[PDB]
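Below you'll find the structure, written out as C-alpha cells, and then a few comments.
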Amino acid sequence: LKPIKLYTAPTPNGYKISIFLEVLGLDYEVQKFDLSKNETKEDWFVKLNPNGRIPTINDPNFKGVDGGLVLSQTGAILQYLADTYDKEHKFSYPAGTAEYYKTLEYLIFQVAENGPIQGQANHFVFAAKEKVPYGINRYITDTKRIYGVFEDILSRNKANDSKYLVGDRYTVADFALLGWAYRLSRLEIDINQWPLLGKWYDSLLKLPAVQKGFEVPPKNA
Amino acid sequence: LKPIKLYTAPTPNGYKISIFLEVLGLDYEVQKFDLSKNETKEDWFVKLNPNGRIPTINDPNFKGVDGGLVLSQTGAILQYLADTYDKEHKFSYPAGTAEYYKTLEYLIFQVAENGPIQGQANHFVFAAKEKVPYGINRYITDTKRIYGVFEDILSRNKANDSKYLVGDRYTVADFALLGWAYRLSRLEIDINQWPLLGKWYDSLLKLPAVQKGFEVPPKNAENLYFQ
Ligand SMILES: N[C@@H](CCC(=O)N[C@@H](CS)C(=O)NCC(=O)O)C(=O)O
Ligand SMILES: N[C@@H](CCC(=O)N[C@@H](CS)C(=O)NCC(=O)O)C(=O)O
Ligand SMILES: N[C@@H](CCC(=O)N[C@@H](CS)C(=O)NCC(=O)O)C(=O)O
Ligand SMILES: N[C@@H](CCC(=O)N[C@@H](CS)C(=O)NCC(=O)O)C(=O)O
C-alpha cells in the first residue's frame, strides 16, 4: 500500500482527514497550505480541485485512474476511505444497512450544516474587517442549535449509552464532527454544556490516533 | 413497491428529492409543511428528524426497519435512492468506481457549499429583519464563486460536450444543483452568464420528470411570496 497524498492545512476540515487516516492506520504524506496567502487558489492546485480549497487527497493505490484517484470534499473523502480501507467494519457499517445510511445522514448533516455555520461564526468573530453583530449573533446562535441537535442524536443511542452517533462504533460522522468540535473553544463555547457530547469528545480525545491527527499538519511553519 | 412518504415544502431542497423521485419513476406521497408557521419544529417531526427541517423520507420498502426507513438530509436521501432504486445505473455509476466517487464529491460540494451559501444570501435579501449590506454582499459574491466552480467542472467534461457534471449521465449531483439553480432568478442572477451551466440548466428543464418535480408541492398564491 503506497502513501496517500494529503493536501491540507491545520483546520477542522483538514483534521477530519488526518485523524481518520491515523485511525485506519494508513500511511500518508502531506502537502501543507498557508490559507492566509490564498495558496489554495493557485492554478496548479485548482486543476486538482476546481473548488480551490483544502483538503484534497490523491490515492495512488486506486488502480483505475492514472496517477491515482484525486478526491476533494471531506464528506466524499471520508466515505471513500471508509468504503475502501475499513472493510472489517471497525468504523463503518455494511453497505445498504440502516446504520450505514444513518451514518450518511449525520455525516452529511455535519458537512452541510455544522461546518458551514460554525465557519460563518468564525468569520464574523475573527476574520471580518468590520464588526457585524447581526452576523455574529445569527451564526453563534445557529452553531449552538446544531450542537443541540447532535446532543439529541447521541441521546437517542440509548442501547450503546450515547457513546456513538450511530450504533456501537465511531463512524466517519463522529470523526467529521470531531474536527469542528475541537474549534468550539475559540468561539468561547464550552462543549461540556451538552453533557453527552462532553463525554463523547473526552473519549475521542483519549485515542492516540485522534491526538496524532490533530497534530497534522502542525500549527507551526 | 409501496409509496415512499415525502415530508417536504416547495423549496430548492424539497425539489431535489421530488425531482429525483420523478426521474426514478417511484410512487410516493407528499405531506407539505408551512415553514412560516414553524411546522418543521413540531415535536412529532423532530422525533423523526432531530434537525427539524425538511425534506425527510420514510421508505416502507426498507425491510430492515420496523415502520420503514426514516432518512433526512437531501445528500443522504439522494445517495439512498440512487443506491436502492437505480441499480441499472441510468443516473448513477457502479459503486467503487472513480465516477461513483466524483459524483459523491460534487454532490457533497452542492450540499456543503452551494445550498448553505445561497441560502445565506436568500436570508440576507428576503428574510432578515434589518438590511445588512455586509451579509448581502458576502453571500451573493460567494454564490457566484460557487457557480463559477460548477462552470469549471462542466468545462472539464469535454468528452461529453459538457452536458453532465460527471461522465455521460445525469447523477444525483446534477439533480442536487438543479434545485438551487432554480432559485437564482429570485436574486436576479442570470445563470446564462455561465454558458455551460445555461445549456445544462436548459436541458434539464426540458425533461418532463424535472418539470413535474418542480410542481411538487404545487406553486400557488399561498407559497409564491418571497419574504
Ligand atoms: N466543504 C469543504 C470545506 C473545505 C474548506 O472550507 N477549506 C478551507 C479550509 S478548512 C479552505 O481551503 N479555505 C481557503 C479558501 O476558501 O480560500 C469540505 O468539507 O472539505
Ligand atoms: N473563504 C473563506 C476563508 C475562511 C475559510 O475557508 N473557513 C473554513 C474553515 S477554515 C470554512 O468556513 N469551511 C466551511 C465548511 O466547512 O463548509 C471565507 O471567506 O470565510
Ligand atoms: N442540509 C439540509 C437543508 C435542509 C433545509 O434547509 N430545509 C429547509 C427548507 S429548504 C427547512 O426545513 N427550514 C425550516 C427551518 O429551518 O426552520 C438538506 O440538504 O436537506
Ligand atoms: N433556518 C433558516 C430558515 C430559512 C431556510 O431554511 N432556508 C433554506 C432553504 S429554503 C436553506 O438555506 N438551507 C441551507 C442548505 O440547503 O444547506 C434561517 O435561519 O434562515
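Scheme for the C-alpha cells: letters A, B, ... for chains in order shown; per-chain residue numbers from 1; ligand numbers from 1 in order shown.
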Quick one: DSSP helix (DSSP H, G or I) residues in range 77-180 of chain A, as a PyMOL selection string? chain A and resi 77-85+98-127+133-156+158-160+172-180
File of the preceding selection, C-alpha atoms, as a tab-separated table (two decimals), in the first residue's frame:
```tsv
chain	number	residue	atom	x	y	z
A	77	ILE	CA	-13.03	11.61	1.14
A	78	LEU	CA	-14.23	10.19	4.46
A	79	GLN	CA	-16.75	7.97	2.72
A	80	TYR	CA	-14.12	6.85	0.20
A	81	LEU	CA	-11.63	5.99	2.96
A	82	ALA	CA	-14.25	4.03	4.93
A	83	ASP	CA	-15.51	2.15	1.86
A	84	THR	CA	-12.01	1.26	0.69
A	85	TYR	CA	-9.94	0.84	3.83
A	98	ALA	CA	-29.88	1.24	8.13
A	99	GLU	CA	-26.85	2.05	10.27
A	100	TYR	CA	-24.89	2.76	7.09
A	101	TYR	CA	-27.49	5.27	5.89
A	102	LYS	CA	-27.84	6.87	9.33
A	103	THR	CA	-24.07	7.36	9.21
A	104	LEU	CA	-24.53	9.14	5.89
A	105	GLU	CA	-27.33	11.25	7.39
A	106	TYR	CA	-25.22	12.54	10.28
A	107	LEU	CA	-22.03	12.87	8.20
A	108	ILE	CA	-23.89	14.96	5.67
A	109	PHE	CA	-25.59	16.90	8.47
A	110	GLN	CA	-22.10	17.71	9.71
A	111	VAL	CA	-20.73	18.84	6.30
A	112	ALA	CA	-23.93	20.59	5.20
A	113	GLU	CA	-24.73	22.43	8.45
A	114	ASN	CA	-22.17	22.15	11.30
A	115	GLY	CA	-19.11	23.11	9.23
A	116	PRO	CA	-20.64	25.91	7.07
A	117	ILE	CA	-22.49	27.51	10.05
A	118	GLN	CA	-19.63	27.32	12.61
A	119	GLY	CA	-17.36	28.56	9.80
A	120	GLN	CA	-19.52	31.66	9.30
A	121	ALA	CA	-19.43	32.22	13.03
A	122	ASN	CA	-15.63	32.07	12.90
A	123	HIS	CA	-15.65	34.58	10.04
A	124	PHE	CA	-17.81	37.20	11.76
A	125	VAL	CA	-15.94	36.78	15.02
A	126	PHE	CA	-12.31	36.60	13.85
A	127	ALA	CA	-11.91	37.45	10.17
A	133	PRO	CA	-23.37	41.96	15.38
A	134	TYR	CA	-26.28	40.64	13.33
A	135	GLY	CA	-23.96	38.08	11.74
A	136	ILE	CA	-22.08	37.26	14.93
A	137	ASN	CA	-25.39	36.67	16.64
A	138	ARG	CA	-27.00	34.71	13.80
A	139	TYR	CA	-24.14	32.21	13.47
A	140	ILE	CA	-23.20	31.82	17.14
A	141	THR	CA	-26.85	31.06	17.81
A	142	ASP	CA	-27.22	28.63	14.95
A	143	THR	CA	-23.95	26.93	15.93
A	144	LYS	CA	-25.48	26.24	19.36
A	145	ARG	CA	-28.69	25.00	17.74
A	146	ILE	CA	-26.72	22.44	15.75
A	147	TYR	CA	-24.70	21.04	18.66
A	148	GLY	CA	-28.02	20.78	20.48
A	149	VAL	CA	-29.17	18.56	17.62
A	150	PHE	CA	-26.06	16.38	17.93
A	151	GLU	CA	-26.64	16.15	21.68
A	152	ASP	CA	-30.13	14.89	20.88
A	153	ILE	CA	-28.84	12.37	18.33
A	154	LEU	CA	-26.46	10.95	20.94
A	155	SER	CA	-29.31	10.81	23.47
A	156	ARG	CA	-31.19	8.56	21.06
A	158	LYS	CA	-29.50	4.59	24.44
A	159	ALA	CA	-28.57	0.95	23.82
A	160	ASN	CA	-24.91	1.99	23.47
A	172	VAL	CA	-16.98	8.92	9.76
A	173	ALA	CA	-19.82	11.03	11.19
A	174	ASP	CA	-18.17	11.20	14.63
A	175	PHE	CA	-14.79	11.95	13.10
A	176	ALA	CA	-16.24	14.71	10.90
A	177	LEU	CA	-17.92	16.45	13.87
A	178	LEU	CA	-14.75	15.94	15.91
A	179	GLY	CA	-12.79	18.23	13.63
A	180	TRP	CA	-15.09	21.17	14.37
```
So that I can see what lies close to range 33-43 of chain A, please list as a PyMOL selection string the residues with an atom at most 7 Å from it, counting only C-alpha atoms and leaving out residues fewer than 5 positions away in the same chain. chain A and resi 8-9+52-54
Site check for ligand 4: residues at most 10 Å away, only C-alpha atoms and all ligand atoms, as a ChimeraX atom specification: /A:109,111-113,116-117,138-139,141-142 /B:9-14,35-36,38,40,52-54,73-75,110-124,126-128,176,179-180,183
Please list as a ChimeraX atom specification every residue within 6 Å of range 154-164 of chain B, counting only C-alpha atoms and excluding residues in the same chain fewer than 4 positions away. /B:168,170,200
Excluding residue 3 in chain A and residues on its chain fewer than 6 positions from it, collect all residues at most 8 Å away from it, counting only C-alpha atoms, and give them as a PyMOL selection string. chain A and resi 26-29+59-60
Those residues you just picked out, can you put them in a file as a CSV table (one decimal), in the first residue's frame with C-alpha atoms?
```csv
chain,number,residue,atom,x,y,z
A,26,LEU,CA,-2.9,4.3,6.7
A,27,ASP,CA,0.4,5.6,5.6
A,28,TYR,CA,0.2,9.1,4.1
A,29,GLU,CA,2.2,12.1,3.0
A,59,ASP,CA,-4.7,7.8,-3.6
A,60,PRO,CA,-2.1,6.2,-5.9
```
Can you pull out every residue from range 57-221 of chain B that DSSP, working from the backbone, puts in strand (DSSP E or B), and format the result as a PyMOL selection string? chain B and resi 57-59+69-72+166+169
I need the residues from that last selection saved to file as a CSV table (one decimal), in the first residue's frame (with N, CA and C atoms), if you can.
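What landed in part_33.csv:
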```
chain,number,residue,atom,x,y,z
B,57,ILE,N,-37.7,11.5,4.3
B,57,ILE,CA,-38.5,10.5,3.7
B,57,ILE,C,-38.7,9.3,4.6
B,58,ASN,N,-39.8,8.6,4.4
B,58,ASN,CA,-40.0,7.3,5.0
B,58,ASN,C,-40.2,6.3,3.9
B,59,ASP,N,-39.3,5.3,3.8
B,59,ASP,CA,-39.4,4.2,2.8
B,59,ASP,C,-39.9,3.0,3.5
B,69,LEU,N,-37.7,2.8,6.8
B,69,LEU,CA,-36.5,3.7,7.0
B,69,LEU,C,-36.9,5.1,6.9
B,70,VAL,N,-36.5,5.9,8.0
B,70,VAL,CA,-36.7,7.3,8.0
B,70,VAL,C,-35.3,7.9,7.8
B,71,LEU,N,-35.2,8.8,6.8
B,71,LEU,CA,-34.0,9.4,6.4
B,71,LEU,C,-34.1,10.9,6.1
B,72,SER,N,-33.2,11.7,6.7
B,72,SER,CA,-33.1,13.1,6.4
B,72,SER,C,-31.8,13.5,5.7
B,166,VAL,N,-20.8,14.7,-14.2
B,166,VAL,CA,-19.9,13.5,-14.2
B,166,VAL,C,-20.2,12.6,-15.4
B,169,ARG,N,-23.8,10.8,-18.0
B,169,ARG,CA,-25.2,10.7,-17.5
B,169,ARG,C,-25.4,11.7,-16.4
```
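With distances taken over only C-alpha atoms and all ligand atoms, B:108 is the one residue among B:108, B:125, B:26, B:173 lying closest to ligand 2.
Considering the residues B:134, B:190, B:185, B:213 and counting only C-alpha atoms, residue 226 in chain B has its shortest atom-to-atom contact with B:185.
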Could you check the closest approach to ligand 3 for each of B:105, B:222, B:151, B:42 and tell me which residue wins, using only C-alpha atoms and all ligand atoms? B:42
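Nearest residue to ligand 2 among B:22, B:99, B:142, B:29 is B:142, counting only C-alpha atoms and all ligand atoms.
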Just how far from CA of residue 39 in chain B is atom 16 (O, counted along the ligand's line) of ligand 3, in Å to one decimal? 9.5 Å
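Using only C-alpha atoms, the smallest distance between any of B:143, B:220, B:31, B:56 and residue 77 in chain B comes from B:56.
Nearest to ligand 3 of all the residues B:94, B:25, B:50, B:55 is B:55, based on only C-alpha atoms and all ligand atoms.
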Between atom 20 (O, counted along the ligand's line) of ligand 1 and CA of residue 75 in chain A, what distance in Å does the model show, to one decimal? 6.7 Å
